[PDB]
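Bear in mind these aren't lab numbers, they're just calculated from the coordinates by the rules spelled out. Virtual Cβ from ideal backbone geometry, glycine too; neighbours counted across all protein chains shown.
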Amino acid sequence: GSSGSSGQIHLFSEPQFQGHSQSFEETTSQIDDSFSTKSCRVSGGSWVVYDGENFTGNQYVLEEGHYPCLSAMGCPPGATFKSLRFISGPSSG
């Protein structure tokens, strides 16, 4: 039906892409032990991170790029993502 540029997100427990790391190619609902994430890495489409489970609560999207810290992403100092939603952003049609 709809296909194009692949998408994926790379989360890192510690800032500067350090410490623990977790990548998600498909839409996630629960994070590994709700492991906090200070830095992330978007690649191919945007990604929404909800502090609540089942994509509930507040949502914070992320453009394509490299986020060394949270500030740059916008998220407040002390946010914990529980669910993820891969955004195909662009679509051929």
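Observations, loosely collected:
- Residue order, fewest to most surrounding Cβ atoms within 10 angstrom, among 38, 82: 82, 38
- Cα-based radius of gyration of the chain once divided by 2.2 N^0.38 Å, which approximates compact folds: 1.02
- Ranked 9, 31, criterion: other C-beta atoms within 10 Å, fewest first: 31, 9
- Structure-based [θ]222 nm, the chain - -39500 (n - 2.57) summed over DSSP H runs of at least 4, per residue, nearest 500: -500 deg cm²/dmol
- Around residue 57: net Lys/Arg minus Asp/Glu count, Cβ-Cβ under 15 Å: 0
- Take every Cα pair under 8 Å whose residues are at least 6 apart in sequence, average their separation, divide by the length of the chain, and the relative contact order is 34 percent.
- Dipole of the chain, positive end: most advanced residue of 65, 18, 88 [Cβ charges, Cα centre]: 65
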